[PDB]
Amino acid sequence: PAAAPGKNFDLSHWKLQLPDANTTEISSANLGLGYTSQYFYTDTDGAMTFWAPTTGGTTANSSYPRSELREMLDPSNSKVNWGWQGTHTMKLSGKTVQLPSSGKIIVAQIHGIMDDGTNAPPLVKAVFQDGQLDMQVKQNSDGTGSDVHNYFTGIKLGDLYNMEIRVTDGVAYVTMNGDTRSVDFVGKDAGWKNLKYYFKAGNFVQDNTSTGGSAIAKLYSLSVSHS
Ligand SMILES: O=C(O)[C@H]1O[C@@H](O[C@H]2[C@H](O)[C@H](O)[C@H](O[C@H]3[C@H](O)[C@H](O)[C@H](O)O[C@H]3C(=O)O)O[C@@H]2C(=O)O)[C@@H](O)[C@@H](O)[C@@H]1O
């Protein structure tokens, strides 16, 4: 009978994307009002808890299901997003409780988006496996090329991680447990200046197999700042 996550976290500038068959989205307002379900709930430890099955519905340009928050600078218009200039920082603490058969989920992101709201590549993906978090930074803004890996080894299932993802003036700074690495993405491809960005945090399950099971990820803190 614990309070729902929207009472414990500031979700006024997040919407929730779900792994039901119809990939339903829950508005910022409904999160604040106390939305909770099998996909999104407060656990006994107070954590904002994201559950998604590998059989879940998937968004138009992903093969994989998610129960994941999507940052909304304007909760009434998803086309309003931030740019490469200035400082944009997401901080979180959390843990991954259960993995699917693939042993891989994504627990935080910066996602690119076109000015018109059209999809663009992810910029940063925090990839969790039992024993390693890889904070991947995409090389090119058109999706060509590969990713710059940033491995933080020794992070296990159930361990508490403290994460920060920051963009300042076209450079990404990725931090786990006080260990920061940087990638100059605008310096790799000036095309990134032609995209906008939004944060994501939750449980984006890198397994779509019918027998893959499901994943659980938890957050104990989540904050975003733009300056
Ligand atoms: O790394 C990834 O997250 C993964 O996501 C894929 O893009 C998704 C993106 O994560 C959002 O879920 C986005 O949400 C938009 C979609 O149209 C949705 O139905 C609703 O209308 O809201 C939209 C929004 O908030 O902008 O949908 C994207 C999508 O088109 O699938 C891909 O980038 C994938 O390759 C990537 O690995």
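When reading the values below, keep in mind they use all heavy atoms of this one structure, side chains included, and skip hydrogens, waters and symmetry mates. Positions are given from 1 along the sequence.
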Side-chain ([X]) to main-chain ([Y]) donor-acceptor, under 3.5 angstrom:
X: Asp43; Y: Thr49; value: no
X: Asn22; Y: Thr24; value: no
X: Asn177; Y: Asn162; value: yes
X: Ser28; Y: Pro75; value: no
X: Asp169; Y: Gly86; value: yes
X: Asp116; Y: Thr118; value: yes
X: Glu71; Y: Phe199; value: yes
X: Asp10; Y: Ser223; value: no
X: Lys95; Y: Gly158; value: yes
X: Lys7; Y: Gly32; value: yes

Any side-chain donor near an acceptor of the partner, [X] and [Y], under 3.5 Å:
X: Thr23; Y: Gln17; answer: no
X: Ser102; Y: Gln206; answer: no
X: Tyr198; Y: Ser78; answer: no
X: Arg166; Y: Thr87; answer: no
X: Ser101; Y: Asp207; answer: no
X: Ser221; Y: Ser93; answer: yes

Under 4.5 Å between side-chain heavy atoms, hopping through other hydrophobics if needed: is there a path connecting [X] to [Y]?
X: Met72; Y: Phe204; result: no
X: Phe128; Y: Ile165; result: yes
X: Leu222; Y: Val97; result: yes
X: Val224; Y: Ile113; result: no
X: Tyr151; Y: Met163; result: no

Self-check item: Greater than 12 external heavy atoms within 6.0 Å of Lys104's NZ
Solution: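 No.
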Quiz item: Are more than 12 heavy atoms from other residues, nucleotides or ligands located less than 6.0 Å from atom CG of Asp142?
Solution: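 Check passes, neighbour count above 12.
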Practice problem: Give the intermediate values and the outcome of side-chain hydrogen bond (donor to acceptor under 3.5 Å, both in side chains) for residues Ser146 and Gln139. | Solution: CA-CA 6 Å; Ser146 58; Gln139 287 182 313; 3.2 Å; yes
So [Y] and [X], do their side chains get closer than 4.5 Å, heavy atoms only?
X: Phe152; Y: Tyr161; value: no
X: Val127; Y: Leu133; value: no
X: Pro19; Y: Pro53; value: yes
X: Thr36; Y: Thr42; value: no
X: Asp147; Y: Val137; value: no
X: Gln109; Y: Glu68; value: yes
X: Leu69; Y: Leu16; value: yes
X: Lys200; Y: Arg66; value: yes

So, taking the atom named [atom1] in [X] and the one named [atom2] in [Y], what distance separates them when rounded to the nearest 0.5 Å?
X: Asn30; Y: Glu25; atom1: CG; atom2: CD; answer: 12.5 Å
X: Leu99; Y: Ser214; atom1: CG; atom2: OG; answer: 10.0 Å
X: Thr96; Y: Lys156; atom1: OG1; atom2: NZ; answer: 14.0 Å
X: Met48; Y: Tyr220; atom1: CE; atom2: OH; answer: 11.5 Å
X: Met114; Y: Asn81; atom1: CE; atom2: CG; answer: 12.5 Å
X: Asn119; Y: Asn61; atom1: CG; atom2: CG; answer: 5.0 Å

Exercise. Let me see the working for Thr59 and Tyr64 under side-chain hydrogen bond (donor to acceptor under 3.5 Å, both in side chains), right down to the final yes or no.
Key: CA-CA 8 Å; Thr59 57; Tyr64 300 121; over 6 Å; no
Exercise. On the 0 to 90° scale, with breaks at 30° and 60°, tag the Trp82-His88 ring pair as parallel, tilted or perpendicular.
Key: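 Parallel, since the angle between the ring planes stays under 30°.
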Practice problem: Take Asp45 and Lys218 through the test salt bridge (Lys or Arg N to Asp or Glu O under 4.0 Å) and record every step on the way to the result. | Solution: CA-CA 10 Å; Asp45 61 2; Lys218 285 183 162 181; 2.9 Å; yes
Quiz prompt | Stepwise side-chain hydrogen bond (donor to acceptor under 3.5 Å, both in side chains) test for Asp189 and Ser141 | solution = CA-CA 7 Å; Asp189 179 11; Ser141 65; 2.7 Å; yes
Of the non-hydrogen atoms in [X] and [Y], which two are nearest, and what is the gap between them?
X: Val107; Y: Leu92; result: O-CD2, 4.4 Å
X: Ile155; Y: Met176; result: CD1-CG, 3.6 Å
X: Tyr35; Y: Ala4; result: O-CB, 3.8 Å
X: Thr209; Y: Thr55; result: O-CG2, 4.3 Å
X: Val205; Y: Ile105; result: CA-CG2, 4.0 Å
X: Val80; Y: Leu73; result: O-CB, 3.7 Å

Self-check item: Option passing side-chain contact (heavy atoms from CB on, under 4.5 Å) with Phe185 (candidates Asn140, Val148, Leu123, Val171)
Solution: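 With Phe185 as partner, side-chain contact (heavy atoms from CB on, under 4.5 Å) holds for just one option, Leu123.
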Quiz item: Yes or no on side-chain contact (heavy atoms from CB on, under 4.5 Å) for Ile216 and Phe50, after CA distance, side-chain angles and deciding distance?
Solution: CA-CA 6 Å; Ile216 298 169; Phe50 302 85; over 6 Å; no
Quiz item: Are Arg181 and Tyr173 in a cation-pi contact, defined as NZ or CZ under 6.0 Å from the six-membered ring centre and within 45° of the axis?
Solution: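 No - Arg181 does not lie over the ring of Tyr173 by the 6.0 Å and 45° rule.
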Self-check item: Pair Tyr41 + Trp51: ring centers closer than 6.0 Å
Solution: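 No.
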Exercise. Show your reasoning for whether side-chain contact (heavy atoms from CB on, under 4.5 Å) applies to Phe40 and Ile26.
Key: CA-CA 11 Å; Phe40 182 80; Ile26 310 301; over 6 Å; no
Exercise. Take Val174 and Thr180 through the side-chain contact (heavy atoms from CB on, under 4.5 Å) test and state the conclusion after the steps.
Key: CA-CA 5 Å; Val174 295; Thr180 302; over 6 Å; no
Quiz item: Between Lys91 and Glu164, is the closest basic N to carboxylate O distance under 4.0 Å?
Solution: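 A salt bridge is absent here (no side-chain N lies under 4.0 Å from a carboxylate O).
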